[PDB]
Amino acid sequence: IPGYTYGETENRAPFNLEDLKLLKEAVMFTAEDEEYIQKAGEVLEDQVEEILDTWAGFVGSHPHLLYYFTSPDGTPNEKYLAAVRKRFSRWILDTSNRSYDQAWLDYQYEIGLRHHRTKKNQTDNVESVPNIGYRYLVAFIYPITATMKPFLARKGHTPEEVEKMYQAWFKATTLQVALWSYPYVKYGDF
């Protein structure tokens, strides 16, 4: 997957497993959510293209969101969209499958850097807008969470299991966006 460097950034994040413990406590994530996020993995695995299609459509129908993938001339950069899509697809699986350990934290730092002006547009060597305003990363917790639900409700698992999968996904999405604030936030205020 071009540009996907999970587990091989060779850069230790500015947050560690104690930070992660305290953040999991604040978002109410426990060993129960680890179980159910993993169960979500098998449910979502074969639906990733339809999830991606849904999320492409939401972004594509909103000029002020599609903006973040545009070339200077205001048109979508199709190379950029396609390359990011492959890494986004993998992130769906990673969120369910990966242990949230230091390597995971090190990639969460990398993902935040790539939304921020620090590293945006470098992974794919594209010319596009410099920064994704942080307000929209927070806002996206809702669509990224909520639009997962109908996919979770498909694979013939019990509705009770679906709800536990869904709550685990809400917590995990929130946890990640909290970490991705790091490069955006004034030093010492995170």
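Numbering starts at 1 and follows the sequence shown.
Mean CA B-factor: is it higher for 72 to 80 or for 103 to 111?
-> On average, C-alpha B-factors are higher across 72 to 80.
Higher average CA B factor in the deposited record is what I'm after, so tell me if that's 23 to 31 or 152 to 160.
-> Higher of the two, by average CA B-factor, is 152 to 160.
Whose CA atom has the top B-factor in the entry, of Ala56, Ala139, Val129, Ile144?
-> Reading the PDB entry, the winner on C-alpha B-factor is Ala56.
Comparing against every modelled residue in the chain, figure out the third that the C-alpha B-factor of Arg135 lands in (lowest, middle or highest).
-> Lowest third, going by the recorded CA B-factors of the chain.
Just say lowest, middle or highest third for the CA B-factor of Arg87 relative to the other modelled residues in its chain.
-> Middle third, going by the recorded CA B-factors of the chain.
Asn125 CA temperature factor, ranked by third within the chain | It falls in the middle third of the chain.
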